[PDB]
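Structure record follows, encoded as structure tokens.
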Amino acid sequence: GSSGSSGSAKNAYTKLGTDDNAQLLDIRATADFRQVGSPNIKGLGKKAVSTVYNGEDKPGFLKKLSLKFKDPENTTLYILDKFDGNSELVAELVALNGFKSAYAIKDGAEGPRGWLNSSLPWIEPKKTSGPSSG
């Protein structure tokens, strides 16, 4: 049945605004950071963390969190990938390691109801005037 704590992007932004211990962790690929940009959560009062997840780097990825979060066992790490990718797996990963809890933002940041498609604020990079429809 359900395993990885997940739901809707809006729920995560709401929880991040009432959970003083909540934080957003971008598991996206560095290439996405130049295209889509990065989240904008500071309006509440937190700071994002960027760490490219990879199954080959599970341990090497994990350390980077433990070394930034004072109390991982009390900090909530809301996942953020382009889409599903590994959001639920990584939500259990940190939990099993010792972190408090995590939330896999179903649909990622670019999905049909992702971060952007949820009316949430975001920090896009330097866009250029260039259409792409038809």
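Going through the structure tokens in order, the chains are called A, B, and so on, while each chain numbers its residues from 1 and the ligands are numbered from 1 in the order shown.
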
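Once residue 39 in chain A and its same-chain neighbours fewer than 5 positions away are set aside, residues 24, 25, 26, 33, 47, 48, 49, 80, 109, 115, 116, 120, 121, 122, 123 and 124 of chain A remain within 10 Å of it when counting only C-alpha atoms.
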
Output the selection as a short mmCIF file (atom, residue, chain, number, x, y, z; two decimals), in the first residue's frame - N, CA, C and O atoms for each residue.
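Wrote it out as selection.cif, contents follow:
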data_model
loop_
_atom_site.label_atom_id
_atom_site.label_comp_id
_atom_site.auth_asym_id
_atom_site.auth_seq_id
_atom_site.Cartn_x
_atom_site.Cartn_y
_atom_site.Cartn_z
N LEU A 24 13.05 22.48 2.20
CA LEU A 24 12.90 21.98 0.83
C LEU A 24 14.28 21.57 0.32
O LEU A 24 15.24 22.34 0.44
N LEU A 25 14.36 20.37 -0.24
CA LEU A 25 15.57 19.77 -0.78
C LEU A 25 15.35 19.42 -2.26
O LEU A 25 14.51 18.60 -2.60
N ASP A 26 16.10 20.09 -3.14
CA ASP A 26 16.07 19.94 -4.58
C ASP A 26 16.98 18.78 -4.99
O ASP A 26 18.22 18.92 -4.97
N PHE A 33 18.44 23.36 -12.87
CA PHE A 33 18.66 24.64 -12.18
C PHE A 33 18.96 25.81 -13.11
O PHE A 33 18.81 26.97 -12.70
N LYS A 47 15.35 28.10 3.66
CA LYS A 47 16.30 28.16 2.54
C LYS A 47 16.39 26.81 1.85
O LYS A 47 16.46 25.78 2.53
N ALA A 48 16.34 26.76 0.52
CA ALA A 48 16.43 25.48 -0.17
C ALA A 48 17.84 24.91 -0.06
O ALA A 48 18.79 25.60 0.32
N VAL A 49 17.99 23.64 -0.42
CA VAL A 49 19.23 22.88 -0.42
C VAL A 49 19.23 22.17 -1.77
O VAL A 49 18.20 21.61 -2.14
N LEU A 80 12.03 17.32 -4.06
CA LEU A 80 11.67 18.06 -5.25
C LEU A 80 12.55 17.58 -6.40
O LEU A 80 13.76 17.79 -6.38
N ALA A 109 8.41 19.18 -9.94
CA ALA A 109 8.20 20.62 -10.14
C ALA A 109 7.71 20.98 -11.54
O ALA A 109 7.22 22.10 -11.70
N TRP A 115 5.08 21.93 -8.75
CA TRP A 115 5.27 23.17 -8.01
C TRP A 115 4.71 24.39 -8.75
O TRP A 115 3.89 25.14 -8.20
N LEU A 116 5.16 24.59 -9.99
CA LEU A 116 4.75 25.70 -10.84
C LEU A 116 3.24 25.64 -11.10
O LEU A 116 2.53 26.63 -10.86
N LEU A 120 2.41 28.09 -6.84
CA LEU A 120 3.45 28.35 -5.87
C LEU A 120 4.49 29.29 -6.49
O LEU A 120 4.70 29.26 -7.71
N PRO A 121 5.16 30.12 -5.69
CA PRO A 121 6.16 31.05 -6.19
C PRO A 121 7.43 30.29 -6.56
O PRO A 121 7.71 29.25 -5.95
N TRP A 122 8.24 30.82 -7.47
CA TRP A 122 9.48 30.17 -7.88
C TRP A 122 10.47 31.21 -8.42
O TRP A 122 10.06 32.30 -8.82
N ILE A 123 11.77 30.89 -8.40
CA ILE A 123 12.86 31.76 -8.87
C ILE A 123 13.44 31.23 -10.19
O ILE A 123 14.38 30.43 -10.21
N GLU A 124 12.85 31.66 -11.30
CA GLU A 124 13.28 31.29 -12.63
C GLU A 124 14.61 31.99 -12.95
O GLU A 124 14.96 33.00 -12.33
#

Exercise for the section: Find the residues near residue 84 in chain A: any atom within 8 Å, counting only C-alpha atoms, skip ones fewer than 5 places away on the same chain, and give them as a VMD selection string. Expected result: chain A and resid 105 to 108

Problem - Atomic distance CA of residue 19 in chain A - CA of residue 99 in chain A, expressed in Å with one decimal - result: 14.8 Å

Counting only C-alpha atoms, give me one row per residue of range 47-118 of chain A with an atom at most 8 Å from an atom of range 5-12 of chain A, showing the shortest contact pair and its distance in Å to one decimal, sorted by chain then residue number, as a Markdown table.
| residue | atom | partner | partner_atom | distance |
| --- | --- | --- | --- | --- |
| A:78 | CA | A:12 | CA | 7.1 |
| A:88 | CA | A:5 | CA | 7.0 |
| A:91 | CA | A:5 | CA | 7.0 |
| A:102 | CA | A:5 | CA | 6.7 |
| A:103 | CA | A:6 | CA | 5.1 |
| A:104 | CA | A:6 | CA | 4.6 |
| A:105 | CA | A:9 | CA | 5.3 |
| A:106 | CA | A:7 | CA | 5.9 |
| A:113 | CA | A:9 | CA | 7.5 |
| A:114 | CA | A:9 | CA | 6.2 |
| A:115 | CA | A:9 | CA | 5.5 |
| A:118 | CA | A:10 | CA | 6.2 |

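Among the candidates A:16, A:67, A:79, A:95, the residue lying nearest to residue 45 in chain A is A:16 (atoms considered: only C-alpha atoms).
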
Practice task
Just the strand (DSSP E or B) stuff from range 4-113 of chain A, please, per backbone DSSP, written as a PyMOL selection string.
Solution key: chain A and resi 6+22-26+38-39+49-50+76-80+101-104

Practice task
Work out how far apart CA of residue 42 in chain A and CA of residue 82 in chain A are and give it in Å to one decimal.
Solution key: 20.4 Å

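One finds CA of residue 21 in chain A at 15.5 Å from CA of residue 43 in chain A.
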
Problem - Shell around residue 63 in chain A at 12 Å using only C-alpha atoms, local window under 3 positions removed, as a PyMOL selection string - result: chain A and resi 51+53+57-60+66-69+72+94+97-99

Residues from last step as file, N, CA and C atoms, as a PDB file, in the first residue's frame:
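Saved to part34.pdb:
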ATOM      1  N   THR A  51      21.052  19.171  -3.914  1.00  0.00           N
ATOM      2  CA  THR A  51      21.925  18.002  -3.868  1.00  0.00           C
ATOM      3  C   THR A  51      21.414  17.013  -4.921  1.00  0.00           C
ATOM      4  N   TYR A  53      20.514  13.855  -6.418  1.00  0.00           N
ATOM      5  CA  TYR A  53      20.413  12.474  -5.969  1.00  0.00           C
ATOM      6  C   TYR A  53      20.810  11.534  -7.120  1.00  0.00           C
ATOM      7  N   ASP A  57      25.110   7.207  -5.639  1.00  0.00           N
ATOM      8  CA  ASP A  57      25.597   8.158  -4.646  1.00  0.00           C
ATOM      9  C   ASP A  57      24.772   8.196  -3.358  1.00  0.00           C
ATOM     10  N   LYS A  58      23.898   7.220  -3.056  1.00  0.00           N
ATOM     11  CA  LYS A  58      23.066   7.217  -1.829  1.00  0.00           C
ATOM     12  C   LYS A  58      23.838   7.725  -0.597  1.00  0.00           C
ATOM     13  N   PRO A  59      24.946   7.080  -0.195  1.00  0.00           N
ATOM     14  CA  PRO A  59      25.745   7.489   0.955  1.00  0.00           C
ATOM     15  C   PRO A  59      26.383   8.873   0.770  1.00  0.00           C
ATOM     16  N   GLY A  60      27.012   9.120  -0.384  1.00  0.00           N
ATOM     17  CA  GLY A  60      27.681  10.378  -0.690  1.00  0.00           C
ATOM     18  C   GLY A  60      26.727  11.564  -0.771  1.00  0.00           C
ATOM     19  N   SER A  66      23.235  15.672   6.365  1.00  0.00           N
ATOM     20  CA  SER A  66      23.626  15.564   7.766  1.00  0.00           C
ATOM     21  C   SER A  66      24.626  16.665   8.120  1.00  0.00           C
ATOM     22  N   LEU A  67      25.421  17.091   7.138  1.00  0.00           N
ATOM     23  CA  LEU A  67      26.425  18.134   7.397  1.00  0.00           C
ATOM     24  C   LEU A  67      25.877  19.552   7.299  1.00  0.00           C
ATOM     25  N   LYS A  68      24.614  19.743   6.911  1.00  0.00           N
ATOM     26  CA  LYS A  68      24.014  21.066   6.802  1.00  0.00           C
ATOM     27  C   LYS A  68      22.889  21.251   7.815  1.00  0.00           C
ATOM     28  N   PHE A  69      22.121  20.198   8.075  1.00  0.00           N
ATOM     29  CA  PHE A  69      21.010  20.184   9.015  1.00  0.00           C
ATOM     30  C   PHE A  69      21.573  19.817  10.383  1.00  0.00           C
ATOM     31  N   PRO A  72      19.012  16.361  11.944  1.00  0.00           N
ATOM     32  CA  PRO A  72      18.302  15.680  10.872  1.00  0.00           C
ATOM     33  C   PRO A  72      17.073  14.963  11.424  1.00  0.00           C
ATOM     34  N   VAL A  94      15.989   8.940   3.777  1.00  0.00           N
ATOM     35  CA  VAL A  94      16.347   9.825   4.871  1.00  0.00           C
ATOM     36  C   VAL A  94      15.717   9.341   6.172  1.00  0.00           C
ATOM     37  N   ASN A  97      17.548   6.423   7.479  1.00  0.00           N
ATOM     38  CA  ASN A  97      18.847   6.884   7.968  1.00  0.00           C
ATOM     39  C   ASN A  97      18.698   7.423   9.384  1.00  0.00           C
ATOM     40  N   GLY A  98      17.721   8.297   9.611  1.00  0.00           N
ATOM     41  CA  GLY A  98      17.467   8.879  10.918  1.00  0.00           C
ATOM     42  C   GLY A  98      16.728  10.206  10.851  1.00  0.00           C
ATOM     43  N   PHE A  99      16.523  10.802   9.671  1.00  0.00           N
ATOM     44  CA  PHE A  99      15.801  12.060   9.559  1.00  0.00           C
ATOM     45  C   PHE A  99      14.371  11.889  10.079  1.00  0.00           C
TER      46      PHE A  99
END

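Between residue 96 in chain A and the candidates A:52, A:62, A:27, A:22, the tightest atom-to-atom separation, counting only C-alpha atoms, involves A:62.
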